[PDB]
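1. Generate coordinates for the sequence data below:
(one chain, ligands or ions: 1)
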Amino acid sequence: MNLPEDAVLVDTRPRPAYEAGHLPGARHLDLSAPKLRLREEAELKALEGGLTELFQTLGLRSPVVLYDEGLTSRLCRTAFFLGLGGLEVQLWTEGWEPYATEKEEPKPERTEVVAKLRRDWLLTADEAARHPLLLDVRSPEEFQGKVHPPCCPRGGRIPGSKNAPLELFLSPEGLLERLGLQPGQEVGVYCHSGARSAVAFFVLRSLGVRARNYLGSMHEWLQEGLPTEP
Ligand SMILES: [Zn+2]
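-> Numbers count the residues shown, from 1 in each chain. Take a look at the structure below.
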């Protein structure tokens with residue numbers, strides 16, 4: 001994979017791996033942790049402000065190339081946040097390993113970049129609730145409500161959603177056909193906290209589908225007390 005010019009590199013691997021050797025100048029960043037609640041405008045603005053602070057502290061600016069060992073959920077959720085803040089982002093899942101030679105962690109000088117939310121990339125709970133085609137990218141067992149993470153009240157799915165397990169997105173050739181989608185189609189994707197759906201988001205977008213990620217996902221949906229099946 002070719003790289004864009006003057007990119008800032010972001011390594012989404014666990015810190016131990018980063019410390020063992022990263023690309024020269026690469027910053028360490030893994031945004032798998034923050035679970036978001038986005039109902040009020042103030043909450044969306046809070047996210048945008050938080051991204052501005054993050055972008056400035058890490059000296060981020062377009063274009064940003066994020067890399068990890070394979071197409072991981074931590075890589076895509078992190079790339080999703082950076083792109084959502086308005087940065088031009090690219091994923092790099094293989095081929096960077098020969099260059100992971102630097103041990104010292106860079107100390108960038110605060111850039112003055114300011115995040116600008118790309119609302120078009122996102123689905124809030126209200127938008128997800130009214131979406132005509134929501135794909136739940138969790139496992140069939142999660143979809144059926146047989147299991148659920150301990151941080152949530154019970155098992156369930158957003159009513160009317162269709163199950164399209166993450167795994168399917170790893171075989172892009174003929175995917176839109178197996179899913180019955182086509183370029184330009186509006187598709188929403190969600191899961192527990194938007195990580196696996198961020199993966200489906202990027203895959204679908206690369207195939208021309210207008211995918212939007214319900215970042216709050218099932219965790220937020222349940223905290224809000226919205227209807228669920230079964
Ligand atoms: Zn949860």
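2. can we go C-alpha only for contacts and neighbour counts from here?
-> Noted.
3. what does the longest helix belonging to the chain contact?
-> Secondary structure assigned by DSSP state H gives helix 41-57 as the longest helix of the chain. Outside helix 41-57, the residues that touch it by C-alpha atoms under 8 Å, 6 or more residues apart in numbering are 37-38, 61, 81-82, 85, 108-117.
4. tell me how far the ends of stretch 126-144 are from each other?
-> Using C-alpha to C-alpha, to the nearest Å, the end-to-end distance of stretch 126-144 comes out at 22 Å.
5. May I have the secondary structure class of the spatially most central residue of the chain?
-> Closest residue to the average C-alpha location of the chain: residue 77 at 2.6 Å, with C-alpha atoms, centre = their mean. When classified by DSSP: H, G, I helix; E, B strand; the rest coil, residue 77 comes out as helix.
6. you'd agree it is up against residue 198?
-> Yes: contact criterion C-alpha atoms under 8 Å: residue 77 and residue 198 qualify, at 5.3 Å.
7. hmm, back to that, contacts for whatever helix or strand comes next after the longest helix of the chain?
-> Counting by DSSP states H and E, the next helix or strand C-terminal to helix 41-57 is strand 64-67. The contact list for strand 64-67 (C-alpha under 8 Å, 6+ apart) reads 3, 7-13, 75, 79, 87-94, 96.
8. Need the CA coordinates for strand 64-67. CSV is fine.
-> Presented in CSV, the C-alpha positions along strand 64-67 are these (Å, rounded to 0.1, in the frame of the first residue of the first chain):
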residue,chain,number,x,y,z
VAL,A,64,-3.1,10.6,9.1
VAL,A,65,-2.2,7.0,8.5
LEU,A,66,-3.2,4.5,11.2
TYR,A,67,-1.6,1.1,11.4
